[PDB]
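J.: Part one of the assembly, not moved from where it sits:
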Amino acid sequence: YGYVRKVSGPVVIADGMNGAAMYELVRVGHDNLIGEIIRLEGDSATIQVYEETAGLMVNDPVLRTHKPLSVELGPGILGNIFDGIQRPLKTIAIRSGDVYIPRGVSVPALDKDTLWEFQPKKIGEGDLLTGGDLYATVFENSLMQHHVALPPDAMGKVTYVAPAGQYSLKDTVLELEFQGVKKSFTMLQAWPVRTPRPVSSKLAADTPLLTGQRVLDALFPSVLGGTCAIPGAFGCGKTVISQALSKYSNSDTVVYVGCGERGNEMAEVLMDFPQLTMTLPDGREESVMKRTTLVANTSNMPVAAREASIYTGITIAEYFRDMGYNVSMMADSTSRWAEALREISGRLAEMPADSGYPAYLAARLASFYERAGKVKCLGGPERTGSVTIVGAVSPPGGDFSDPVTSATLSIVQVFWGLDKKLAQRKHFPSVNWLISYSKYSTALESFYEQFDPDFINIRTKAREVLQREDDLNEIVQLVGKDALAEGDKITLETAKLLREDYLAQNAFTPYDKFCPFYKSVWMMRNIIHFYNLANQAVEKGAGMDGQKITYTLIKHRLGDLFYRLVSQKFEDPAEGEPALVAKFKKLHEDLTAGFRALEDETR
């Protein structure tokens, strides 16, 4: 239909478009590299290649697909690997025995031929149906019940509903009548990669994410269907925190969409998806591959794919949230995504605003990060899901005033700022307890009250102790520990106890692999109770003794409790919640006995 005029890397001009649609996908050249329009100039158009562009020719045909970028939504997406162009990588590797990905390969996102069982939800002929009505369910695998739903822009009366049976994707199962037309339907539905899926209503979040890490779960809680921000450091986080979301998270599904990353890390993690099963179900061991989907685009991938992959991932997440399942989206991108925006702006010759980043970076980041929340779905029956976003930014070593970082912290409510010093200190969680913050605190008030009313005050006390330690660290560095008082001494002891027992979670050991909230709250309660008892003891300071003398005494006389407070970390959660609660209650009772007999002896 049209022919190329100008080729410069990802940018390819195609004269002869005349009537063409903004962001309409167009195939370029004999190999048919799929690309989207970015800049109309008249009859001419500008197309990002989305592939390797070497070897084009002037007058090579360019065809219009007339449709914007879309990803095939349907049964069979779970446990699959897709590029930003929604290409099943394992399917490509199997169909074509060559280890490479051939240039301009055209493979359907989901195999039509593959069979799947069906289960209508007592649907009757002639019933009026609306978009998003969960008329039937399909078990893609154990513990995964894909409830097929009507497309959002679809409604009518059910003239025909298929009986339950084995069907391929190309097969039609549902027929609707509306306004005197008949509309057939297959399981697979297409949805634009932009323009988020419609939502009946947005709801205020109520439940925390309850991640394995202690600091993430207590100091900086995050609600279900809420934004997150991590600096994407190595060693931990994108390896540790990500593993915690993958197997230790209460989210039903994980959509890992890493883009612009180290290739070997994704090779390893893809080798890890089939393995590393988690026995979350009572009677079965849920292999994480069932509850994950990898959108993998390594650094060698084309630049436009770096922009496309994020929207593909968020579209998949919105799809899953439509069924009511709570799904988490971890994104190792948005670090290199800004670089991709810089590149496309530079080729398009747009004028950058700050440090070479195009201005609409902030707007696009705001859109993507606001595409997540707790949502009441469309159709019947009434159901509710959520999407939780965890997106990386520049590594913590660089300045946190970087435009991408500044844009993210504007909209993101929870920043889990990792510390380079902590990483060098080999402190594995590496979460800084000063820069990090979770604005979601006020919402979780009811949850914390119903769980444990005393938790709020002890958390505030722990925060105050940490702040005091950080504040007077400068003083003790300058002046010295000689002037430190008994209150300062117990404050430093409690701060060290926190830094060692509480904020540190190795996660490579069964006792530290996962820390349930009940164990975390008890450990914090024990630490705060010990701090309070020490405060009261040094405050009493009577009987020709006490204060710093009392502090030294309780350091030596009550050294056993202080030592086993550290071992409280080693208490194995697998032993069972009632046993751990009993053990911690006994420890608390002994701590109360401590500083009470020490009170009786009056030093």
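T.: Right, received. Where do you want to start? Numbering: from 1, shown residues only, chains lettered A, B, ... in the order given.

J.: Give me the contacts around stretch A:461-476.
T.: A:219, A:433-434, A:484, A:488, A:491-492, A:494-495, A:498, A:524, A:527-528, A:531-532 (Cβ atoms under 8 Å, 6 or more residues apart in numbering). (C-beta placed from N, C-alpha, C; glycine too.)

J.: Which residue ranges of the stretch 101-250 of chain A form helices?
T.: For the stretch 101-250 of chain A, the helices defined by DSSP state H, counting those that start in this stretch occupy A:214-218, A:240-248.

J.: about what we covered before: out of the contacts of stretch A:461-476, flag the one nearest to residue A:563.
T.: Residue A:563 lies nearest to residue A:527 out of the contacts of stretch A:461-476, by Cβ to Cβ, at 13.6 Å.

J.: so who does the closest one touch?
T.: A:462, A:494, A:497, A:498, A:501, A:502, A:565.

J.: quick one: the first one is in a helix?
T.: Just to be clear, that refers to residue A:462. Yes. Under DSSP: H, G, I helix; E, B strand; the rest coil, residue A:462 falls within a helix.

J.: following sequence is chain B, add it:
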Amino acid sequence: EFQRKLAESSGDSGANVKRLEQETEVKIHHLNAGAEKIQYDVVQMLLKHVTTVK
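T.: The block that follows adds chain B to the chains above:
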């Protein structure tokens, strides 16, 4: 004492609801009376509709 005050507050809320309903009825009556001016406003519009000339 709180139960007595709460009964009084519930009665006050009901009375306020009734007063608001009465005020809304009065406002609806005034708006309906405005239809008299609306009838002439229609032909005023028609006049300013056809002011288009040349």
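
J.: Can you tell me the SS state at residue B:46?
T.: Relying on three-state DSSP, one would call residue B:46 helix.

J.: Can you give me the distance of it to residue A:329?
T.: 59 Å (Cβ to Cβ, to the nearest Å).

J.: Of those two, which one has the most company?
T.: Per other Cβ atoms under 10 Å in any protein chain shown, whichever of residue B:46 and residue A:329 has more neighbours is residue A:329, with 29 against 9.

J.: can you give me the strands in the stretch 351-500 of chain A?
T.: A:374-376, A:384-392, A:414-415, A:437-438 (DSSP state E, counting those that start in this stretch).

J.: mind checking which of these is nearest residue A:599?
T.: strand A:437-438 (37.8 Å).

J.: What strands line up against that closest one, and which way round?
T.: Here strand A:437-438 has these sheet partners by DSSP bridges: strand A:414-415 (antiparallel).

J.: what's the partner strand in contact with?
T.: A:220, A:222, A:226-230, A:408-409, A:435-440 (Cβ atoms under 8 Å, 6 or more residues apart in numbering or on different chains).

J.: go ahead and place chain C:
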Amino acid sequence: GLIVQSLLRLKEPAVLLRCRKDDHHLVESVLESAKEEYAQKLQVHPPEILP
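T.: With chain C added, the chains above now look like this:
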């Protein structure tokens, strides 16, 4: 009046014209009478509008 105003505002040599199928005949009667009015309104050669 409407034709004359539209011709004045649009101010181009040749135009098209779309009106309801009914009353097209009296529209035709209005046509040319307006064209002359337009040509007289401003010192321009009368347009091609033969709509």
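
J.: near chain B, which residues of chain C?
T.: Applying Cβ under 8 Å from any Cβ of the partner chain, we find that chain C lies next to chain B at C:1, C:2, C:4, C:5, C:8, C:41.

J.: Filter these down to the buried ones.
T.: For the residues of chain C next to chain B, a burial check counting by 16 or more other Cβ atoms under 10 Å in any protein chain shown picks out residue C:4.

J.: Turn the residues of chain C next to chain B into CSV, including distance to residue C:51.
T.: Shown next, in CSV, are the residues of chain C next to chain B (distance: Cβ to Cβ, whole Å):
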residue, distance to residue C:51
C:1, 17
C:2, 14
C:4, 14
C:5, 15
C:8, 16
C:41, 18
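
J.: Residue A:511 contacts residue A:575, doesn't it?
T.: No. Taking contacts as Cβ atoms under 8 Å, residue A:511 lies outside contact range of residue A:575: 9.5 Å.

J.: Residue A:46 and residue A:194, how far apart?
T.: Taking Cβ to Cβ, one finds residue A:46 at 18 Å from residue A:194.
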